[PDB]
């Protein structure tokens, strides 16, 4: 019901190319039962360096477009911030957005980022009074099968996010993400996940799987847990409330 990680702004990153694509992506998200989407387009040194004024501009146009989808679809502003050290000054001085202007910022790393680097970056952001929500923790080799490390990040004041796509069963044929599904399944079993979110980009390779994932978590982990990960926690994040 509340999706805190999405790529829905046209012509700013690897998401929609056009207004028409953004609308179609919103529509599919709405169809699946999502009622609030936080826009978190990429901020990444050397990869996604679209200027902030453009991202904000196209964002506001997507927010308008969302009215054509449904009147109760709320679009919030945010950023998926790949960590490089310049990001610290940007956050301190609010030149890079948090999630709906809350304390929470969405932070990502590389698949092969060493734990010590992860731990260090997140420690420094915490020192800014900003709470990291760690994007797609199933991506990071450093956390694979590592309850102790994830726990250590959570215990110092981080929250964790897993992509809906990796919540799904590994497919009998054509499975290209088996290792990330196994990782997400590990974290869920260990009860190490605060949030499941879309990371949606398009309707081909990367659609939302929020309805499918919600049902799967309901079946395997109970409805209350599904509510927690897909509604209650995301809602606290959007409303700048402590979890």
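Positions refer to the first chain, counted from 1.
Chemist: Going by the B-factors listed in the PDB entry, is the mean over the C-alpha atoms higher for 130-138 or for 147-155?
Modeler: Here the higher of the two C-alpha B-factor means belongs to 147-155.
Chemist: Comparing average C-alpha B factors as deposited, tell me which of 168-176 and 74-82 sits higher.
Modeler: Here the higher of the two C-alpha B-factor means belongs to 168-176.
Chemist: Just to confirm, going by the entry's C-alpha B-factors, which of 197, 26, 184, 56 comes out highest?
Modeler: Of the options given, 56 has the highest CA B-factor in the PDB entry.
Chemist: Where does residue 124 sit by CA temperature factor within its chain: lowest, middle or highest third?
Modeler: For residue 124, the deposited C-alpha B-factor lands in the middle third.
Chemist: Just say lowest, middle or highest third for the CA B-factor of residue 47 relative to the other modelled residues in its chain.
Modeler: Its C-alpha B-factor, which the entry lists for residue 47, ranks in the highest third among residues of this chain.
Chemist: Should residue 227 be placed in the lowest, middle or highest third of its chain by the C-alpha B factor in the entry?
Modeler: Middle third by C-alpha B-factor.
Chemist: What third of its chain's C-alpha B-factors does residue 242 belong to: lowest, middle or highest?
Modeler: Residue 242: CA B-factor falls in the highest third of its chain.
Chemist: Going by the recorded CA B-factors, say which third of the chain residue 99 sits in, lowest, middle or highest.
Modeler: Ranked within chain, residue 99 CA B lands in the lowest tercile.
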